[PDB]
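S.K.: Can you look at this? It's an experimental structure, sequence on top.
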Amino acid sequence: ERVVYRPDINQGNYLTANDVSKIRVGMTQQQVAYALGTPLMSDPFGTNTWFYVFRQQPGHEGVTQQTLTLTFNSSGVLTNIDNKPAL
Amino acid sequence: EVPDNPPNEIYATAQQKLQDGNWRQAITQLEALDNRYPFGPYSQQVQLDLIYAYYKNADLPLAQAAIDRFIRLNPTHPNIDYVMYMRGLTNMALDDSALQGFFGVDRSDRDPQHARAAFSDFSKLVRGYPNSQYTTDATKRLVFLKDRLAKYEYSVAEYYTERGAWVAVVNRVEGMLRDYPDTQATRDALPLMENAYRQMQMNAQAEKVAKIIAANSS
Amino acid sequence: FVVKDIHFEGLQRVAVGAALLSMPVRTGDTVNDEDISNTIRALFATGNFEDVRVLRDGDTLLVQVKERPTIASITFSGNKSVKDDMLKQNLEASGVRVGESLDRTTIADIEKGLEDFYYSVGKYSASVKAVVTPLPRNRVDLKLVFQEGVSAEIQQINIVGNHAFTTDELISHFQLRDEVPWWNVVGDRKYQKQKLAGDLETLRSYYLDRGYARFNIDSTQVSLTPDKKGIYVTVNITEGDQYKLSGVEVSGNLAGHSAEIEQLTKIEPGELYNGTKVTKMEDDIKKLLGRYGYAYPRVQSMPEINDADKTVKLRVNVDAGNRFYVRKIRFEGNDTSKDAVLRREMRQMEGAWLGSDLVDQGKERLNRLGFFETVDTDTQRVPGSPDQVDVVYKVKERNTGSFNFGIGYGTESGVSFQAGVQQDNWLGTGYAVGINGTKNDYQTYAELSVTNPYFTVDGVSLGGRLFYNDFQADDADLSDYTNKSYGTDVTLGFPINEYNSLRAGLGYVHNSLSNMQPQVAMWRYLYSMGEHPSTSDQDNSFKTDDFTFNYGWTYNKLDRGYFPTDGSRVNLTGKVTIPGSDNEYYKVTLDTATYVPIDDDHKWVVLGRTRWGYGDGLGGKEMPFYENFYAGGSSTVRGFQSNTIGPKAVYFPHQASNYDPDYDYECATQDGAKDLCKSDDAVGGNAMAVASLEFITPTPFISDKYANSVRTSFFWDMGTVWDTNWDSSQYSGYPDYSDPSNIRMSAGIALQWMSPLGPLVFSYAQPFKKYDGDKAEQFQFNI
Amino acid sequence: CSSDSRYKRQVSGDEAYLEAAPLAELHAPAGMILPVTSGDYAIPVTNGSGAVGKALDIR
Amino acid sequence: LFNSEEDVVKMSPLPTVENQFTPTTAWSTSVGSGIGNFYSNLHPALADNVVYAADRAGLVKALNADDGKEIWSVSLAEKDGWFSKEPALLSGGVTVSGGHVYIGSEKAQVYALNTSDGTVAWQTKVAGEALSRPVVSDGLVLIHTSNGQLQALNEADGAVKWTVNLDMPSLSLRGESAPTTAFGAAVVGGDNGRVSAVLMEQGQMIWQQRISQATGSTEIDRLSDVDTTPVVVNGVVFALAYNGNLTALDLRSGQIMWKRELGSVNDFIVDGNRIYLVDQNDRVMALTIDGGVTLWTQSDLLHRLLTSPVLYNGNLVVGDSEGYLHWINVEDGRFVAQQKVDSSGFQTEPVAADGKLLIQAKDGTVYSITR
């Protein structure tokens, strides 16, 4: 990859550090969703796992991502503020 | 239309041109019947005979008028289900039709505007009129149609795989997974959710989707 | 008495039971002549009975009814200017229409509604009577006379109390326009109270933004003068005073964007109060919050209009939604083209917050589709969370199938013809196909073109072109220059930005000339080729396998790709050769497409077409004589035939073209024109500056259902083409071209006709400046 | 192949909805159960006594 | 040339031009462009043997009578009209009492120009267009205006005695309701279709009685020459609505003792017991005071834009805004004389003064008609 710039890979929908600190492990989904709302990706398979996830690449200069998922229990009470970075 | 004639004069000159296949001269006299006699005793049948005239003149939304002008104005016949058939039968050909077929490119991944309506009417046939002979096409005309809804919706999961908006892959897929219980494009939506999760490093969440592939192998 | 049976006479639109239940004495009820008179009114209270005559056979009812329903016809008459259907709406307002229950009680509200409709037309002397005329078995005719007395025109909006604005210069920029003498016409001056309401709001937006917060329009007295035409509008207003927008108190829900939400509300404290800036600095914040994913960007200013210093202070109430907004996207109106081909026009992604601009940049990319007619969006906020938006980019595709042809003799002089047909990405494939070609008895041309416009999601247009030009210029033979120039020309498109989209490609131009005409520019470039062949005979060849490099780039900001009204397309394309090519040249060229609306109604729109080019040799060569520039004759300037802008080819003294035709194709030959002639065909120039100035113009007599697809375009077209090697050496006692002073001109009208086979442009011009060597074809009809 | 006084042509079309029989059903393992249907997707199958398509009753 | 370009209209011209006393103007001294296409009055007041007369150009003349020769000629200015410093374009006609030529403007003004030089001895602004001629009585320059306001201004120095809205019309149904003082009430009609008597002391509503409808969706005559101005012959109060529906109200309560709601009378005088009136058909007719008993009528006059039927030279003269004068048989309706002295004609009432019939037309404004 010798490209320094092309039209960039992009995304939004990823938790701010406010949104991480707005909530706690123990906080209910609704109580999490008070200023976080709902993600644009949750888990149909397992539990309430609220993936607020970023993706980006600035012209083949290393692809960026911010996978800030919220693993709740099935009661919707938060069990994990799972905030994965790029790669 | 014929002038202010007796209704059965207009009904006969409607009915012959149905049997002639002269559907315009049916509609010429199906509606000049209903011009001064829409309270004709056969105006329920005339509405069906209009759908018999319109759809066999390929006047599909005009059939879809007379399909609803059956069920709205004079629904008194057991061809409400035919009308529920012809509603979708209008709506199925109303959505995906083009001259691009002799060269070999797709219609089903396109937008399903009337096709979602044919998805409704042929469902409303097999739900609201499940007795009917018309359910027989209608059951079949849901099956491709949800896949026509799927291969439309799969195209966005296909495109957002290319975009690198990997949330947006799963946004179509998990929506499709929630939508379609049997369509192949949903089973082919299925790994793209896992694929996108792995780019978003939801690799464990991706393997939740991979075991669906272990179940949608079945 | 008890009715034994009822006689139901004359119904024909209503039933027996529609009569019978509206009989208060129904069959079997005790009947009275009181109940009979109860029956007469209540059957007439159907509204579907022209007359009711209830009688009895002792007690046995017998009800005799003529009825006014289903109307056989509705006639309009005396409507000299106003169309009859516009009047029919006021009949359909009054429930009177063909094949329907007439109510002859509703004869008047037809008319009174119509004269009050006529009041709102821009008349008031315009009257109407409706005529009820019964017809078979129920039917009626509803004839209407229309007494169109006179229209109404605004005369002078007498805006009294006007203390910062002269109303007269306001009317010149109002909507109610004036000054129609026999030396000035802007359009008619009909009485439009609706324009007048906008005129007082033009007056409001005249005042309010200067300082005039407490400007107020006090009263408004329309001159209801006994002419029903002369409308003056005695408006009382009060200037108030200049206020100063003197504070900004922007607050509310700002969602961590608080800094620029101040800055999107910047005033200076004391700025002479701009009411429009107050509203502006609201939406300044709104799109900003809409970029974060808040299309709940509720931003509400509040000028605390402080007359204690004649100022205002702008409180602003800002709401900044919740994040993560665009849940997903949809498309619609692409039942024929695959939605993901249209989704890769889009820039707003799912799994994102709302970029409101991201929604519209791809919609602007959808606006620059070209295989469309209109594009919309539908930004449905999905409820349940203010992170949830589905954006339905509802679009509308374009026509499919376009044809072209050519003529000049067929079917009796051999088989000589031209062809061409287009698919227009046929019904939305993702495969653009347009195919042409011609086989004559003087030449045979072959060319191909196919494009996969979205081979890659970056915007990669997989488009290839090849060509075999078996062109001989047969007099009966190579007696007029052959050019077997063949090969390929493939080009790819690459967007690096959303308006910036690059192009590049290669050219294999396997030229094979023979028996070249003794016009010097053939040899003059061949003298730069190192060839010095026969000035005096067309026996000479020219072969070059021109390995050329093509390039290009577009700026795409002209809105529609279908029928624009505004924007600018800046589209580059040029060529250059490489080492290894059998000729070392370049050619750079640039065209544009810019739509400038004259009025803001955008049916008066300037169209800018201008062509500039240059090319010469990269080293030791020229850009070819067959690569020189041209115009004229439906190219830029009309009123000519083709190749009337450029160096006009000057001949060497010639004898024989290997059969020079005897006083035909004469070229300073032995068969005429002898010894250094010059024909009036352009060999054209290595430089170019040619243009055309057309206009989107309204047609008030063409229905605008297709006059938005018909671009009636008046023009004055002009331009010059010169060679920087046509300097006055051999073309010295001949037309010399060395500069942009060789300008041709013509003016006329282009008439773009959007057929089902596409736009058809027919033109007519008069060459008002015609340079040297220009043919004249005023009547130019193109398909 | 060669025109013989008012020949005719050939066109193309589609009716594939008529022949479609319910496709390979999506499943899910335990702990991973996607909802299979969020609409009228799951075909409420009836095939009562008649043909498929325009061969069926016309009026 | 210009014939095939445009569209068509309709009207009704004058039949039976009569000359049984052959009429003529005695002088011709025209102010300028006279009444105009605003609902305007430019009624020439003849005092000092001088026709103080104005037009809708701001130009006020002093046409010294028996020749109409100019004693003075001024052009008046406005102050708020479209910006400021604009000609008067007078809506109110010329009133003259004392050294005061009172004319009311279409923009906002009501004047009083000194009757030797026409210098504005005072002007006092009214709210909007002065719908009435400045009716000058009892220290009050009483104007009913475009905003439905009975406005009383001081006739010596200029001072608003009051401004009281009575019947504001809808947009402005332009009704000269010109305030005539009767029984202590400045009786002043209603431009939306009413009539009022309003107390002349300070503008107190003695009564306002709705007579006919408003123009617009209750469609009555805008095309009438509106004389909502009550001609109060005794307290059976003869007056008009906006369409001109003649009504005979009580003077202290508005009790309509009879009416020609049936009529939509354009111009009317009540000549004692002879209500000589230009009807909606522009039929000149005579009615009683205790009823609209048609003492005579006239179909010789039929849809000309008529003036008021006034007795002069032995016959009931009525001009029009088509310039046709018409000397009516006062006893029954017949054209005795006809003088088409203008063609733009008189939207001012025929001033049967100076031994002439002084008029103001719109183009050939101030003549003086004789027979």
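M.R.: Great, that's in hand. Numbers count the residues shown, from 1 in each chain, chains lettered A, B, ... in the order given.

S.K.: centroid residue for chain D?
M.R.: Closest residue to the average C-alpha location of chain D: residue D:17 at 1.7 Å, with C-alpha atoms, centre = their mean.

S.K.: What's the separation between that residue and chain E?
M.R.: 56 Å (C-beta to the nearest C-beta, to the nearest Å). Backbone N, C-alpha and C define where each C-beta goes, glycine included.

S.K.: next one: residue C:377
M.R.: Counting by C-beta to the nearest C-beta - residue C:377 and chain E are separated by 41 Å.

S.K.: Could you pull up the residues touching that residue?
M.R.: Residues near residue C:377 by C-beta atoms under 8 Å, 6 or more residues apart in numbering or on different chains: C:359, C:360, C:363, C:391, C:392, C:393, C:394.

S.K.: Show residues contacting the longest helix seen in chain C.
M.R.: Once chain C is assigned using DSSP state H, the helix that runs over the most residues is helix C:275-291. For helix C:275-291, the surrounding residues in contact (C-beta under 8 Å, 6+ apart) are C:205, C:208-209, C:212-213, C:245, C:248, C:250, C:255, C:257, C:260-261, C:264-267, C:271, C:295-301, C:303, C:312, C:314, C:316, C:318-321, C:354-358.

S.K.: mind running it again at 7 Å?
M.R.: For helix C:275-291, contacts defined as C-beta atoms under 7 Å, 6 or more residues apart in numbering or on different chains pick out C:205, C:208-209, C:213, C:245, C:257, C:260-261, C:264-265, C:267, C:297, C:299-301, C:303, C:314, C:316, C:318, C:320-321, C:354-357.

S.K.: Mind listing the strands the helix or strand following it pairs with, and their directions?
M.R.: Per DSSP states H and E, the first helix or strand lying C-terminal to helix C:275-291 is strand C:299-303. The pairing partners recorded for strand C:299-303 under DSSP bridges are strand C:312-318 (antiparallel).

S.K.: same for the helix or strand encompassing residue B:55, what does it pack against?
M.R.: Taking DSSP H and E as the criterion, residue B:55 maps to helix B:43-56. The elements that helix B:43-56 packs onto, with contact taken as 3 or more C-beta pairs under 7 Å, 6 or more residues apart in numbering or on different chains; DSSP states H and E, are helix B:7-19, helix B:23-36, helix B:60-71, helix B:80-95.

S.K.: how many degrees apart are it and helix B:23-36 in direction?
M.R.: 150 degrees (axes from the mean of the first three to the mean of the last three C-alpha atoms, to 10 degrees).

S.K.: what does helix B:43-56 rub up against?
M.R.: So helix B:43-56 is contacted by B:14, B:18, B:23, B:26-27, B:30, B:33-34, B:40, B:62-63, B:66-67, B:69-70, B:73-77, B:79, B:82-83, B:86, B:89-90, D:58-59 (C-beta under 7 Å, 6+ apart).

S.K.: From these, list the buried ones, please.
M.R.: B:14, B:18, B:23, B:26-27, B:30, B:33-34, B:40, B:62-63, B:66-67, B:69-70, B:73-74, B:77, B:79, B:82-83, B:86, B:89-90, D:58-59 (16 or more other C-beta atoms under 10 Å in any protein chain shown).

S.K.: So the residue nearest to the spatial centre of chain B, which state does it fall into?
M.R.: Nearest to the geometric centre of chain B sits residue B:118, at 1.6 Å (C-alpha atoms, centre = their mean). What DSSP: H, G, I helix; E, B strand; the rest coil gives for residue B:118 is helix.

S.K.: Show the contacting residues for it.
M.R.: B:88, B:91, B:92, B:95, B:141, B:145.

S.K.: Can you give me the distance of it to chain E?
M.R.: Relative to chain E, residue B:118 is positioned 49 Å away (C-beta to the nearest C-beta).

S.K.: in which helix or strand would I find the closest residue to the residue nearest to the centre of chain D other than its chain neighbours?
M.R.: In space, and not counting its chain neighbours, residue D:17 is closest to residue B:141: 4.1 Å by C-beta to C-beta, 6 or more residues apart in numbering or on different chains. Following DSSP H and E, one finds residue B:141 within helix B:135-163.

S.K.: Give me the buried positions along that helix.
M.R.: Neighbour-count burial for helix B:135-163 [16+ other C-beta under 10 Å]: B:135-161, B:163.

S.K.: Just want to check the distance between the residue nearest to the centre of chain B and residue B:137.
M.R.: Counting by C-beta to C-beta, to the nearest Å, the gap from residue B:118 to residue B:137 is 10 Å.

S.K.: what do you get for residue A:40?
M.R.: Taken as C-beta to C-beta, the span from residue A:40 to residue B:137 is 38 Å.

S.K.: With residue E:318 instead?
M.R.: From residue E:318 over to residue B:137 (counting by C-beta to C-beta), the distance is 85 Å.

S.K.: and the closest residue to chain E within the stretch 451-600 of chain C, what element?
M.R.: Nearest residue of the stretch 451-600 of chain C to chain E, counting by C-beta to the nearest C-beta: residue C:599, 23.7 Å away. With elements delineated by DSSP H and E, residue C:599 resides in a region that no helix or strand encompasses.

S.K.: Which strands border the host helix or strand of residue C:74, and is each parallel or antiparallel?
M.R.: Secondary structure assignment for residue C:74, by DSSP H and E: strand C:73-77. The strands beside strand C:73-77 in its sheet (DSSP bridges) come out as strand C:140-151 (parallel).

S.K.: List the buried residues of the strand it pairs with.
M.R.: Using 16+ other C-beta under 10 Å as the test for burial, strand C:140-151 gives C:140, C:141, C:142, C:144, C:146, C:148, C:149, C:150, C:151.

S.K.: and if you look at stretch C:735-751?
M.R.: For stretch C:735-751, the neighbour count (16+ other C-beta under 10 Å) marks C:735-738, C:742-751 as buried.

S.K.: now do the same end-to-end measure for that stretch.
M.R.: Using C-alpha to C-alpha, to the nearest Å, one end of stretch C:735-751 lies 34 Å from the other.

S.K.: The closest residue to residue C:177 other than its chain neighbours in helix, strand or coil?
M.R.: Excluding its sequence neighbours, the residue lying closest to residue C:177 (C-beta to C-beta, 6+ apart) is residue C:186, at 4.9 Å. With three-state DSSP as the basis, residue C:186 sits in coil.

S.K.: what number of residues lie near the residue nearest to residue C:406 when sequence neighbours are not counted?
M.R.: Excluding the flanking residues, the one nearest residue C:406 by C-beta to C-beta, 6+ apart is residue C:418, at 2.8 Å. Other residues lying near residue C:418 total 16 when counted by other C-beta atoms under 10 Å in any protein chain shown.

S.K.: mind listing what residue 55 touches?
M.R.: This is for chain A. A:9, A:11, A:65, B:164, B:165, B:166, B:199, B:200.

S.K.: my question was about chain E
M.R.: E:31, E:32, E:33, E:34, E:42, E:365.

S.K.: got those as JSON lines, with distance to residue C:766 and secondary structure columns?
M.R.: Formatted as JSON lines, these follow (distance: C-beta to C-beta, whole Å; DSSP: H, G, I helix; E, B strand; the rest coil):
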{"residue": "E:31", "distance to residue C:766": "53", "secondary structure": "coil"}
{"residue": "E:32", "distance to residue C:766": "49", "secondary structure": "coil"}
{"residue": "E:33", "distance to residue C:766": "45", "secondary structure": "coil"}
{"residue": "E:34", "distance to residue C:766": "51", "secondary structure": "coil"}
{"residue": "E:42", "distance to residue C:766": "55", "secondary structure": "coil"}
{"residue": "E:365", "distance to residue C:766": "52", "secondary structure": "coil"}
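
S.K.: between those residues, which is closest to chain A?
M.R.: Distances from chain A to these, taken by C-beta to the nearest C-beta, are shortest for residue E:33, at 70.1 Å.

S.K.: Now do the closest one: how many residues are near it, please.
M.R.: Residue E:33 has 16 neighbouring residues, counting by other C-beta under 10 Å.

S.K.: Quick check: it touching residue E:59?
M.R.: No. If you go by C-beta atoms under 7 Å, residue E:33 and residue E:59 don't touch, sitting 8.5 Å apart.

S.K.: now check stretch C:684-700, is it near chain E?
M.R.: No. Judged by C-beta under 7 Å from any C-beta of the partner chain, stretch C:684-700 and chain E are separated, with a smallest distance of 14.1 Å.
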